[PDB]
Engineer: 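Attaching a single structure in structure tokens format; questions to follow.
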Amino acid sequence: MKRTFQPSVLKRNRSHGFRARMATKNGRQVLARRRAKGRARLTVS
Amino acid sequence: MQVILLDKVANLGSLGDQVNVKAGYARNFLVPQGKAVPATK
Amino acid sequence: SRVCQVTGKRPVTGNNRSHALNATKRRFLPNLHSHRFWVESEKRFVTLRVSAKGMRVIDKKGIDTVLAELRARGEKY
Amino acid sequence: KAXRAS
RNA sequence: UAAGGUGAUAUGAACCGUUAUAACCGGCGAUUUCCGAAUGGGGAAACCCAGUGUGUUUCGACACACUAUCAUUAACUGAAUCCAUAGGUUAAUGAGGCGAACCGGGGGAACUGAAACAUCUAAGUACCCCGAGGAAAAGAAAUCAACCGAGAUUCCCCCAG
RNA sequence: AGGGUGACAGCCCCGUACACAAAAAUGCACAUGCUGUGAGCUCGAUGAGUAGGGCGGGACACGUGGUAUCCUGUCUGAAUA
RNA sequence: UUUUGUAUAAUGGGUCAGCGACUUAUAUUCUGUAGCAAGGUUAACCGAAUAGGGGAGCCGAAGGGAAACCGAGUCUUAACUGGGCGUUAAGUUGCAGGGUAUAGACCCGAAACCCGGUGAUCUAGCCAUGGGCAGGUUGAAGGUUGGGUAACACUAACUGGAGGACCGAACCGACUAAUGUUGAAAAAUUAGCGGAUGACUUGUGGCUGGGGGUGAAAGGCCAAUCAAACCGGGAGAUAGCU
RNA sequence: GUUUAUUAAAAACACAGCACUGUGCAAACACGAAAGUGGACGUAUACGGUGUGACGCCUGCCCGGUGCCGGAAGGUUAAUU
RNA sequence: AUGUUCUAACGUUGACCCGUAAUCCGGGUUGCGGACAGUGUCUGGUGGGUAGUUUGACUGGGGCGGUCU
Ligand SMILES: [K+]
Ligand SMILES: [K+]
Ligand SMILES: [K+]
Ligand SMILES: [K+]
Ligand SMILES: [K+]
Ligand SMILES: [K+]
Ligand SMILES: [K+]
Ligand SMILES: [K+]
Ligand SMILES: [K+]
Ligand SMILES: [K+]
Ligand SMILES: [K+]
Ligand SMILES: [K+]
Ligand SMILES: [K+]
Ligand SMILES: [K+]
Ligand SMILES: [K+]
Ligand SMILES: [K+]
Ligand SMILES: [K+]
Ligand SMILES: [K+]
Ligand SMILES: [K+]
Ligand SMILES: [K+]
Ligand SMILES: [Mg+2]
Ligand SMILES: [Mg+2]
Ligand SMILES: [Mg+2]
Ligand SMILES: [Mg+2]
Ligand SMILES: [Mg+2]
Ligand SMILES: [Mg+2]
Ligand SMILES: [Mg+2]
Ligand SMILES: [Mg+2]
Ligand SMILES: [Mg+2]
Ligand SMILES: [Mg+2]
Ligand SMILES: [Mg+2]
Ligand SMILES: [Mg+2]
Ligand SMILES: [Mg+2]
Ligand SMILES: [Mg+2]
Ligand SMILES: [Mg+2]
Ligand SMILES: [Mg+2]
Ligand SMILES: [Mg+2]
Ligand SMILES: [Mg+2]
Ligand SMILES: [Mg+2]
Ligand SMILES: [Mg+2]
Ligand SMILES: [Mg+2]
Ligand SMILES: [Mg+2]
Ligand SMILES: [Mg+2]
Ligand SMILES: [Mg+2]
Ligand SMILES: [Mg+2]
Ligand SMILES: [Mg+2]
Ligand SMILES: [Mg+2]
Ligand SMILES: [Mg+2]
Ligand SMILES: [Mg+2]
Ligand SMILES: [Mg+2]
Ligand SMILES: [Mg+2]
Ligand SMILES: [Mg+2]
Ligand SMILES: [Mg+2]
Ligand SMILES: [Mg+2]
Ligand SMILES: [Mg+2]
Ligand SMILES: [Mg+2]
Ligand SMILES: [Mg+2]
Ligand SMILES: [Mg+2]
Ligand SMILES: [Mg+2]
Ligand SMILES: [Mg+2]
């Protein structure tokens, strides 16, 4: 049966990548929150 | 709008006399065309 | 935005109040109109987005005074 | 007017 | 400052040093890739691709610097349109992004309480947004008082549940 | 004070009290140049689409109430010692 | 534990170990206790000062009346024989405690509501750009050559190759049954079954976002979640219930 | 053909066809505080909405109620004054 | 207070010109509308399109009926 996760690196990066996050103020707030939490991996990039 | 006429305007008055006009008449016609000045001094 | 260029009148918030005193949020907008003002000094029409109140200010103060005020704020025409 | 060309 | 020393797991190796350039500590410098505001253009961050000017070469190439945007000012230029203005280019200066709280401002809930619920409450709270500073804001009476007087603002205790 | 040392150390060690120290950078408080900055006195002048008003809201402990006062989206609009 | 009542065949606990529920702040009243006593006590603050200063206040020693006001009385009433409340009862400030108030207020627990984000790698629809459909049938229109007509019509043969056409693999689907149901699998397997040139199917990429989308419409689907997604926050919502 | 991915595939949905109705174009309508954008690079033989559901034969009576459309003399009636 | 005409506010999703290498936008010219339209404030109507809610208790289970002083 076809499950929900069908990986595409292009779609991954376009959906959730660093530059997608930087493109909007809300995406930049994600990065701010993840930096403040001290995440080793800020994004899927 | 009290204005002062710079020429003889029709149904208003001659040069020099100062008339109360509707503000639209002053704003959009008499003043752009050089027929009245706002009563400033 | 709905901002008078002369006065800086902008949308303000308040309530609609029903007979039963139900408060629903509303806005009060300025009575804004784009108007071409004759500026005899510059020998030009300047279009300003102006509240009706702002037009009475221009009538009272003169367009040259008002435009000088706009230049000091750095508000463009 | 418009992405087609206008 | 020194008789030790070459950060840790972590030994070892090969060395360095012992009266002063070993190491170590502090000041000031130098170097400081790429990504990131990221700013030469682009982009799926850490990559791809340039222009221009100088200088250099073994003509295959190499090196270095500059080239974002906006605001302000200046110079020069420059439409419809004759003046002029818009526009264009170049220069200088500044800005940009990040940051826990506190601060000022623009917006602004509902659960809840009212033993239901709509006025009311929760609350101008949560939250979103903008802006600032070391604090901010406020501030030098078109203030109070009560016929006596006080004398800007801010904060604390009362007044008073 | 405190820590360490093969068990619990004033005197074993590191400290502690106390007394000293800066080539260089820099915070601060003063003293003193330079460049802006203008003190003082007489004569004045005294903030208008504003105050106030009508309508709608909001803010004031104060829910429009008999509701002062403040703010103003809208329409108006003085006197100015 | 809950009940009128439980060996109950009502509830809870597999066992052990560890953790797990009446608190805290402030106000108020009562009790105890200590100080001082018709007084008691200070708050902020000053003070290195648990000292000392600071009496601003607060409570008490007077009440009655809506109030002016009067005052050991006062109010009521024109006025009391009267009548109501008072006068003939020590307070106050600590400290400890009981209760109350406001706060999450003994702990755990909703379904939900609101705010800001994250999601169309699943799926729904659409958009752009590519791909797929073995093999076998049927034989529409049209054409041509004859016939037939005044001309058409009409008619035979040959040709032609239409279709949400037919049979059937791939491919897409999911009607029946059995199995499986702590599965091989959080939806499948096996045998049969429907569509299979289309309103088809599929790859890659794109767009639509939550009272919103998308829906040949089932409240379907929107990442194993849908009569209002998910994540974080308001948040310890509230819980007259267990 | 479509559908309740995962208990319903159907008589449900859709459908060509039909009818009513709106819409003169900056269309109605829809998404949008707005600018805009879709409708449509269309223009009433078009487009939206609604119901019905190939085809055949057909589709009767009721406008009192509720809508909608038209009228507007008169009654009543807001801010305003 | 209404009718007509006018142009100058205002509209233009007509044409042309320029910024321009751009159709968006702005400016200019010209036509067409034209104090209308449209927008602000106020105001009557309409308004399950959307929202917040309410929709009692007793009861030989509840509902229906009945009842409530
Ligand atoms: K509420
Ligand atoms: K309640
Ligand atoms: K020791
Ligand atoms: K005013
Ligand atoms: K029981
Ligand atoms: K049971
Ligand atoms: K107590
Ligand atoms: K006591
Ligand atoms: K008495
Ligand atoms: K006592
Ligand atoms: K609670
Ligand atoms: K409690
Ligand atoms: K939702
Ligand atoms: K079927
Ligand atoms: K009717
Ligand atoms: K024009
Ligand atoms: K008009
Ligand atoms: K409604
Ligand atoms: K009974
Ligand atoms: K019974
Ligand atoms: Mg860049
Ligand atoms: Mg770059
Ligand atoms: Mg900044
Ligand atoms: Mg309640
Ligand atoms: Mg300040
Ligand atoms: Mg005095
Ligand atoms: Mg031992
Ligand atoms: Mg003054
Ligand atoms: Mg005043
Ligand atoms: Mg006023
Ligand atoms: Mg007033
Ligand atoms: Mg008010
Ligand atoms: Mg029982
Ligand atoms: Mg028993
Ligand atoms: Mg039993
Ligand atoms: Mg039991
Ligand atoms: Mg048993
Ligand atoms: Mg039970
Ligand atoms: Mg059990
Ligand atoms: Mg008394
Ligand atoms: Mg077929
Ligand atoms: Mg299916
Ligand atoms: Mg099968
Ligand atoms: Mg078939
Ligand atoms: Mg078949
Ligand atoms: Mg249903
Ligand atoms: Mg799902
Ligand atoms: Mg909901
Ligand atoms: Mg809360
Ligand atoms: Mg809870
Ligand atoms: Mg079928
Ligand atoms: Mg099913
Ligand atoms: Mg089925
Ligand atoms: Mg259009
Ligand atoms: Mg039907
Ligand atoms: Mg019929
Ligand atoms: Mg409702
Ligand atoms: Mg509620
Ligand atoms: Mg309810
Ligand atoms: Mg009942």
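Residue numbers start from 1 in every chain, and the chains themselves are labelled A, B, ... in the order their sequence lines are given, proteins ahead of strands. Any value given below was found using the heavy atoms of this structure, including those in side chains, with hydrogens, waters and symmetry copies removed.
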Engineer: If you assign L21(C) and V12(C) each to the RNA chain F nucleotide with the nearest heavy atom, which residue ends up on the more 5' nucleotide?
Structural biologist: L21(C)
Engineer: Of the options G107(E), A34(H), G205(G), whose atoms approach the side-chain atoms of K11(A) most closely?
Structural biologist: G205(G)
Engineer: Output yes when a side-chain donor or acceptor of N13(A) lies under 3.5 Å from a complementary backbone atom of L10(A), and no otherwise.
Structural biologist: no
Engineer: Rounding to a whole Å, what distance do you find between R12(A):CZ and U118(G):P?
Structural biologist: 16 Å
Engineer: Taking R49(C) for its side chain and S1(C) for its backbone only, find out whether a donor-acceptor pair lies under 3.5 Å.
Structural biologist: yes
Engineer: Distance between the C1' atoms of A26(H) and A35(H), in whole angstroms?
Structural biologist: 15 Å
Engineer: Reading the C1'-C2'-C3'-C4' torsion of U74(F), is its sugar north or south?
Structural biologist: north
Engineer: Please check if the side chain of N31(C) supplies one atom and the backbone of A52(C) the other of a donor-acceptor pair under 3.5 Å.
Structural biologist: no
Engineer: From C-beta outward on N28(B), which listed nucleotide comes closest to its side chain: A9(I), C122(G), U74(F)?
Structural biologist: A9(I)
Engineer: Between the protein and nucleotides 170-174 of chain G, list the N/O to N/O atom pairs that are separated by less than 3.5 angstrom.
Structural biologist:
none

Engineer: Going by Watson-Crick or G-U wobble geometry, both distances under 3.5 Å, is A56(G) a partner of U42(G)?
Structural biologist: no
Engineer: Which one, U64(F), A8(I), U121(G), comes nearest to the side chain of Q6(A)?
Structural biologist: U121(G)
Engineer: Checking contacts here: which listed nucleotide (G108(E), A9(I), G206(G)) is nearest the side-chain heavy atoms of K25(C)?
Structural biologist: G108(E)
Engineer: Which nucleotide, if any, forms a Watson-Crick or G-U wobble pair with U74(F), using both distances under 3.5 Å?
Structural biologist: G54(F)
Engineer: Is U1(G) paired with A165(G)? Use Watson-Crick or G-U wobble and require both distances under 3.5 Å.
Structural biologist: no
Engineer: Could you tell me how far apart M22(A) (CE) and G96(E) (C1') are, to the nearest whole angstrom?
Structural biologist: 12 Å
Engineer: Among the candidates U123(G), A118(E), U74(F), find the nucleotide nearest to the side-chain atoms of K9(C).
Structural biologist: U74(F)
Engineer: Going by number, which of residues 26-63 of chain C have a non-hydrogen atom under 4.0 Å from RNA chain I?
Structural biologist: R26(C), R27(C), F28(C), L29(C), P30(C), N31(C), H33(C), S34(C), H35(C), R36(C), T47(C)
Engineer: Determine the Euclidean distance between corresponding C1' atoms of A37(E) and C24(E); express it in Å to zero decimal places.
Structural biologist: 40 Å
Engineer: Determine if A140(E) and its strand neighbour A141(E) meet both stacking conditions: ring centres closer than 5.5 Å and an interplanar angle below 30°.
Structural biologist: no
Engineer: Can the positive tip of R3(A) be found less than 6.0 Å from the middle of the six-membered ring of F5(A), inside 45° of the ring normal?
Structural biologist: no
Engineer: Between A235(G) and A126(E), how far apart are the two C1' atoms, rounded to whole Å?
Structural biologist: 10 Å
Engineer: Does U12(I) pair up with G63(I), Watson-Crick or G-U wobble, with both distances inside 3.5 Å?
Structural biologist: no
Engineer: Taking 3.5 Å as the limit for both distances, would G139(E) and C155(E) pass as Watson-Crick or G-U wobble partners?
Structural biologist: no
Engineer: Are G104(G) and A103(G) stacked, with six-ring centres under 5.5 Å and planes under 30°?
Structural biologist: no
Engineer: Measuring to OP1 and OP2 of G57(F), would you say a side-chain N or O of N15(C) lies under 4.0 angstrom away?
Structural biologist: no
Engineer: Establish whether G173(G) and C193(G) are paired, applying the Watson-Crick or G-U wobble definition with both distances under 3.5 Å.
Structural biologist: yes
